[PDB]
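Chemist:
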Ligand SMILES: *[B]([O])([O])[C]([C][C]([C])[C])[N]C(=O)[C]([C]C1=[C][C]=[C][C]=[C]1)[N]C(=O)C1=[C]N=[C][C]=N1
Ligand SMILES: *[B]([O])([O])[C]([C][C]([C])[C])[N]C(=O)[C]([C]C1=[C][C]=[C][C]=[C]1)[N]C(=O)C1=[C]N=[C][C]=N1
Ligand SMILES: *[B]([O])([O])[C]([C][C]([C])[C])[N]C(=O)[C]([C]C1=[C][C]=[C][C]=[C]1)[N]C(=O)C1=[C]N=[C][C]=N1
Ligand SMILES: *[B]([O])([O])[C]([C][C]([C])[C])[N]C(=O)[C]([C]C1=[C][C]=[C][C]=[C]1)[N]C(=O)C1=[C]N=[C][C]=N1
Ligand SMILES: [Cl-]
Ligand SMILES: [Cl-]
Ligand SMILES: [Mg+2]
Ligand SMILES: [Mg+2]
Ligand SMILES: [Mg+2]
Ligand SMILES: [Mg+2]
Ligand SMILES: [Mg+2]
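Protein chains in written order, with the authors' numbering: chain H, 1 to 226; chain J, 1 to 195; chain X, 1 to 195; chain Y, 1 to 212; chain I, 1 to 204; chain Z, 1 to 222; chain a, 1 to 233; chain N, 1 to 196; chain b, 1 to 196.
Here it is as structure tokens:
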């Protein structure tokens with residue numbers, strides 16, 4: 001997994017690759033690793049996939065109830081605090097490694113979160129097996145006062161470095177841009193540089209190729225009248 | 001314990017269970033009955049870790065007998081087997097699981113059909129024409145695969161069972177001291193006293 | 001392998017050895033002769049780890065036969081047993097020791113006396129009126145301690161041996177498929193073909 | 001693996017399966033588990049593929065050298081003992097072998113020796129070896145006689161491997177049959193289990209448990 | 001020892017044009033010993049189909065659990081559960097046993113009754129959802145199934161063509177797995193008819 | 001503790017035609033989650049119209065190929081420039097592998113060429129030297145993905161003739177070199193999609209009576 | 001079997017149109033202790049080859065002595081030792097690769113990762129890797145240790161395949177190498193600021209640069225970073 | 001990690017490097033290890049980043065609740081709350097914390113709390129993996145009642161050496177000055193402290 | 001153990017503590033760790049006392065035989081013989097040795113040979129368990145071309161701190177001065193160096 005976060009002039013952008021793996025096998029080629037905690041707080045997750053998903057839904061659910069209770073839009077620091085205390089309590093067994101970004105009435109924010117519950121602040125961050133390839137790109141091209149267009153470019157280039165150089169990463173680049181005073185724009189499959197070429201042959205079989213023993217209609221309908 | 005076999009024929013279920021009880025280096029008993037009557041038309045044989053086997057069997061027996069009295073009705077073999085499976089499936093994630101494998105032979109009086117269920121200590125249930133637990137199947141299934149027919153009489157089932165026991169007595173290293181054979185049919189449960 | 005027994009009576013030595021060979025789950029053979037004639041009046045039975053048993057026995061046989069030809073003379077049972085003990089005592093500190101236990105039954109033609117020697121894989125030798133290896137003694141020694149008299153006939157020795165085998169067949173968990181019995185006396189070695 | 005061999009009126013029947021596995025992965029269904037040591041001698045293959053192939057091929061070289069030196073066919077006893085003595089030298093090192101050495105000479109008649117990587121060497125009438133050995137034993141023990149015709153003996157060997165192929169997960173693929181007489185062995189074909197099962201089931205009335 | 005490969009078995013699902021297919025083998029074993037050739041691994045709750053591979057006791061337990069939950073759902077909601085909603089229910093139910101999980105590989109297949117859209121989904125043993133457009137695989141021959149599906153599959157296959165594709169994917173995958181086979185079933189699912197076909201295959 | 005073994009990934013595929021043989025392999029070399037090289041040749045022309053690949057631990061793979069090439073050289077020296085037939089090469093490789101039975105070359109070896117009747121031949125070896133002539137064999141990381149597909153599309157397994165419903169099998173008609181190369185390319189394209197250690201490039205060596213020809217194709221680099 | 005004691009971190013390298021570049025820092029680490037600060041890990045062999053070595057330093061010094069002896073031995077009874085029969089990069093590599101694999105086969109490895117960079121007699125670029133296992137491979141860019149994870153991704157953006165080599169100048173290649181060394185200094189905890197760099201060109205020969213430093217570093221942004229989440233001061 | 005706190009005439013100064021490592025990978029090169037638990041009570045953190053963050057957050061909560069009831073807490077009180085958490089949970093924690101604070105009554109105070117959860121009041125303290133390399137230097141160069149400028153130089157020179165020799169330490173040198181005048185943050189970059 | 005060797009204007013000086021421990025027991029408090037392998041080539045020993053004595057005895061034998069054939073060996077040559085023994089027998093040895101010597105052509109030279117058996121020529125070297133605590137101090141205070149009196153003070157102050165912090169170091173500070181003038185032994189007692 002390669003996931004990054006990059007701050008810019010008036011907000012923050014996060015990105016991620018779309019490959020999920022079970023050992024050396026690719027389980028899903030177009031996996032969605034950008035999760036929504038709230039409308040303008042999004043996070044990307046590496047590690048155990050069920051954990052990143054579950055911990056995001058839980059905190060996202062509680063963040064929503066908190067927002068309704070307080071009559072205020074949710075804050076990134078609240079998501080961060082709730083995530084870290086939950087993960088700390090489970091002493092690293094909940095294998096969620098997250099980059100949490102978002103905009104709120106306080107401003108724009110970017111944090112990372114490791115599975116044992118430790119958090120970090122930064123202008124640019126990367127997590128996952130392809131984080132070293134991505135961080136190499138970020139350390140080479142990052143500067144202060146990036147524009148929106150420059151940050152999207154830098155973030156996707158950092159994911160590409162992971163896609164091409166890390167075997168744990170691949171397929172497509174997903175992006176989410178969170179700008180101050182605007183709706184967060186989720187760009188699913190922002191880049192698609194790994195479409196499979198046409199196969200040499202069609203493997204459609206002639207009808208009646210498979211040997212059958214029995215046929216029967218399955219009753220999916222309920223018990224009928226009359 | 002060791003060998004437990006089951007075969008479902010036309011009109012009955014036949015269970016065969018070894019008589020030996022071995023603690024280590026000695027054979028303490030050669031007439032042990034590894035079975036419990038759960039209801040008038042349902043029999044359960046069992047094998048596994050010592051103590052747990054009888055404790056589990058008698059616990060199941062008590063529960064089915066309780067149901068029978070409460071409802072004045074005998075549960076179907078299928079219903080009993082499902083109850084037993086759930087208890088074992090519950091047990092496998094306990095502090096100390098029941099290390100017990102069972103065969104349930106019953107005659108369903110409603111459907112007028114014999115029924116044989118094989119359940120292991122994990123709670124893995126399968127309905128079968130013939131079944132076994134442990135290494136018993138390894139020696140007997142090839143014979144059963146060849147000779148078995150769904151319309152066999154009880155006498156033909158016993159003859160096929162004798163062939164299975166003879167193969168076991170030839171190729172198994174352990175002396176299991178013969179088997180006690182019991183038949184479950186429409187008239188209930190009875191023991192074949194000469195085998 | 002499993003059970004090997006020996007008894008020295010008035011005028012002969014009787015060795016009884018099980019017929020079963022078991023590889024793990026299956027009994028591959030039920031007529032295996034776990035013995036080698038070392039000389040016309042000396043017999044050795046053996047039990048231990050697979051391969052090593054026969055390899056050791058045949059190696060000893062070859063050495064005694066070589067001695068017999070070289071000197072045109074049969075070594076005494078005592079001399080043969082000492083040679084065998086030394087080979088095992090040498091073996092126990094080798095890279096890979098012989099995992100073999102033996103009984104040596106011989107009739108000394110010079111002294112006109114039967115002689116039984118028990119030797120384990122460490123090279124521990126003892127002359128005995130009756131002996132065994134493995135768990136065999138665990139059952140039989142109490143019967144032999146009671147019934148044994150040093151002046152028994154060969155027929156009485158065989159009867160006492162039958163009582164020992166019957167006890168083994170009752171209380172031992174493993175099916176050793178009966179025993180091959182051989183008698184060593186002044187006329188040499190012969191096998192009892194009905195036991 | 002399921003391999004068997006048995007003595008009878010017409011000589012020896014040798015029957016083996018064809019499956020090779022690496023864990024649960026089926027590596028091959030076309031393995032030659034019988035080795036042609038010469039026109040008279042056969043060896044069966046169980047355990048490690050390589051160990052069995054290598055050392056039974058080697059055995060054929062030693063047999064050839066014997067009969068070059070002694071101007072006479074090697075006995076089954078002598079041939080089996082060369083192999084057992086060889087693997088005994090390697091005992092502990094981790095060889096993995098369970099083999100039947102089968103032959104037919106004037107002095108011995110039809111002879112089978114079970115040879116083993118722990119050094120065991122056993123002469124016998126019937127042997128089954130491999131993960132599916134118990135399944136094959138059942139069919140053999142209940143149907144074996146001395147007075148079997150070459151035709152019936154061949155079928156019993158075929159049927160016993162099929163029994164094991166059905167039940168044992170690490171046995172299957174196809175059945176190779178050999179018949180060993182005094183003038184040499186005779187190959188009796190490769191029989192796909194996928195076709196043999198449905199054929200035997202239909203003709204024999206067996207496997208009523210399976211739907212077809 | 002490994003709970004997910006004691007009993008063996010496989011499940012595969014595929015989408016086609018206005019249809020879905022889900023298939024499974026029939027084997028249940030105790031490691032090397034084949035025990036049953038009638039252990040079906042596909043179940044259905046209304047029009048939603050669920051295949052489950054892995055430890056057989058958990059396959060049975062989960063089926064009984066989801067029957068339980070979908071029956072209560074229907075009584076309260078006054079409608080049959082949909083594939084998308086059932087997928088979330090499976091995920092939630094598996095994750096609740098995060099640190100004492102069911103050793104299973106579930107596969108959901110079905111057609112949404114309102115939108116008519118074909119739907120398939122897979123899970124790991126603790127609830128992570130794999131929602132593929134093309135196909136889902138599970139079981140002891142999942143590597144083999146991935147290989148078959150990735151080459152044989154093409155989008156928008158008609159129901160009777162999809163049958164041939166999924167059948168050949170299952171059969172040839174199972175034949176390269178010691179713990180799979182002993183029969184096979186294929187469900188072809190359309191918006192208001194479902195056909196079930198038992199396949200003839202080698203019994204070793 | 002020092003581990004003398006490693007895993008360099010990769011996947012290879014040999015297919016024997018009626019009068020030709022192909023031995024293919026991807027050109028990616030890896031350790032763990034890193035790429036060492038996108039183009040590291042794995043299938044080699046060993047002379048005498050024999051091609052070879054030893055897939056797995058690359059150090060052992062290179063050592064074996066090197067020792068076999070050497071064995072071909074000395075076979076010529078010792079036996080009057082006689083051509084080493086594919087069956088003789090196969091037996092020779094068994095002894096090279098079994099020589100290290102107790103410290104094995106951690107590779108899956110496949111050789112390809114033509115037999116003495118001019119027909120296509122492929123031989124397959126396990127790490128300790130057991131071997132067998134085959135019509136079709138994949139080796140390495142994605143072998144479990146590729147073999148079932150080849151059972152179905154080369155040997156027509158589980159395929160029957162329409163209308164007969166399981167009674168008549170699909171007849172085993174011979175495949176041309178153009179047909180085999182299509183199946184090889186689709187096998188590696190599919191393996192690249194679902195296996196992380198497969199990608200970058202595909203190199204195919206084709207053997208005929210005319211000699212050894214090479215073909216290269218790009219694979220996905222992610 | 002042993003364990004490395006005093007170690008050297010990444011060696012990085014790449015091909016360009018007329019030759020090869022290789023680089024490595026001057027640190028000899030003793031676990032987490034940055035013990036020795038003047039260790040040369042690039043060792044030239046003649047005027048056409050530079051061998052870069054990471055891993056155990058005692059084993060590096062042994063290899064250095066093997067290479068020194070190799071030059072001596074090649075000169076023996078060799079009138080063309082400084083011409084047609086001079087040591088080639090390919091000869092030096094194959095020798096080392098043979099030694100590495102032999103040592104691993106005796107279960108007593110030289111605990112190193114090695115990159116042999118050079119230019120052949122015909123002008124061809126030579127760049128190949130070998131390590132303690134005897135594993136060998138070639139690529140337009142090669143790097144050891146942390147360099148494999150961080151330097152390669154950057155260097156591969158310049159030369160992504162074989163056809164990019166003729167399009168890459170020595171200025172662009174050196175720039176990329178120097179940047180990669182800076183990135184490694186930011187991110188590798190066992191690296192140093194001081195490094196050596198060697199260029200082997202088919203026209204201008206061997207240029208060996210010592211006492212280079214990582215420069216143009218970005219640290220100013222650190223002043224704005226406060227706490228680990230909620231802290232404002 | 002290289003951290004230290006030094007009392008001087010006008011109060012106390014905390015110092016720290018900015019490196020966080022996962023093995024040999026620098027996971028964060030601009031880390032802030034100087035953390036605020038109260039207005040003029042700060043701490044330096046070493047050991048597990050998760051543990052020391054969890055502890056510091058709990059302490060900040062305790063002192064915030066203390067303040068609301070009893071007014072400004074002493075540095076000793078803050079150190080006691082740290083100790084209670086570190087001692088009672090010693091089996092499950094890996095935390096080495098230096099607590100530094102400024103009172104008007106007590107002036108500058110430094111407390112070190114090592115792994116076991118013991119407390120030690122000292123004129124100055126050093127901790128973290130990099131501290132080992134500067135025990136000699138700091139012992140030789142520390143004086144009581146130094147000026148602000150002298151104390152900044154002492155910490156700058158000390159942490160410079162700790163960074164030089166310890167691979168787990170590096171980046172920038174952060175400092176926080178605690179006096180009656182207020183709270184001042186200082187930062188020193190590699191180009192400055194490497195040439196010392 | 002705390003050992004060091006320092007080159008200076010007139011040659012080189014070796015320094016060492018005198019403590020040998022078996023766990024926490026001081027088995028010898030007056031140990032001589034400065035050992036002579038040739039007239040003006042000495043070494044400092046750390047690690048196993050058996051191993052470093054065995055090595056030093058073998059080296060002394062090699063250099064004695066070298067001298068009888070080829071005349072006085074260089075310090076580099078002595079270091080090479082040490083290295084050969086430490087490198088080739090690395091699996092079975094635990095030895096950290098500093099080799100120091102005086103030539104007239106090369107003057108004072110110092111070579112350090114750590115655990116692995118590598119060689120490093122340095123202006124000065126420190127080693128032993130106690131050296132960890134003085135890396136900062138020695139790096140800050142060392143200058144090239146010091147006088148004899150300055151070098152004695154540098155070593156005395158350095159080993160004083162190493163002894164202060166390291167439990168495995170202690171006793172007296174022994175020193176051996178190597179110059180053109182000859183070989184001078186120095187000793188400094190606790191009452192002297194503890195008050196520094
Ligand atoms: B990435 O590499 O971190 C990636 C992204 C994920 C958060 C959606 N992780 C995975 O793909 C993980 C790797 C992994 C394997 C085994 C244990 C722990 C982590 N995969 C899964 O979680 C996974 C694998 N198969 C099915 C479902 N989920
Ligand atoms: B049989 O199951 O013994 C079989 C016969 C072999 C001699 C050709 N052996 C194997 O399949 C073994 C594994 C095994 C399974 C069951 C019991 C014992 C051993 N396989 C291999 O030796 C093997 C696997 N993959 C490649 C090469 N060899
Ligand atoms: B320092 O090295 O003690 C440092 C201080 C921490 C409070 C930021 N600790 C770490 O970097 C620790 C590992 C460690 C290194 C050296 C000594 C003790 C501990 N790292 C982490 O806690 C860590 C690393 N990566 C991600 C999350 N947490
Ligand atoms: B010093 O601590 O390294 C010291 C120097 C030695 C050459 C006299 N070594 C020892 O005291 C060693 C133990 C040790 C302590 C600290 C680091 C490394 C080793 N002691 C011995 O070798 C010893 C102790 N008691 C009896 C004999 N030898
Ligand atoms: Cl932190
Ligand atoms: Cl000493
Ligand atoms: Mg069961
Ligand atoms: Mg099978
Ligand atoms: Mg199968
Ligand atoms: Mg790939
Ligand atoms: Mg540092």
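Built from N, CA and C at the ideal position, the CB exists for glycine as well.
I'd like to check one pair, residue 169 of chain a with residue 16 of chain a: are the Cβ atoms closer than 8 Å?
Modeler: yes
Chemist: Please name the residue or residues paired with residue 42 of chain H in a DSSP beta bridge.
Modeler: Under the DSSP definition of a beta bridge, residue 42 of chain H partners with H:36 and H:101.
Chemist: Taking CB distances under 8 Å as the criterion, tell me whether residue 195 of chain Z reaches chain H.
Modeler: yes
Chemist: Closer than 6 Å from C-beta to any heavy atom of ligand 10: which residues, in chain order?
Modeler: In chain order, the qualifying residues are Z:192, Z:195, Z:196, Z:198 and Z:199.
Chemist: So, under 8 Å CB-CB, residue 96 of chain H and residue 87 of chain H are touching, yes? Tell me the CB distance rounded to an integer number of Å.
Modeler: 6 Å
Chemist: Which of helix, strand or coil does DSSP assign to residue 206 of chain H?
Modeler: coil
Chemist: Quick one: using the 10 Å Cβ neighbour count with 16 as the cut-off for buried, is residue 24 of chain b buried or exposed?
Modeler: exposed
Chemist: If I'm right that residue 6 of chain I touches residue 138 of chain I with Cβ under 8 Å, what's the distance once you round it to whole angstroms?
Modeler: Not really, about 16 Å apart at Cβ, beyond 8 Å.
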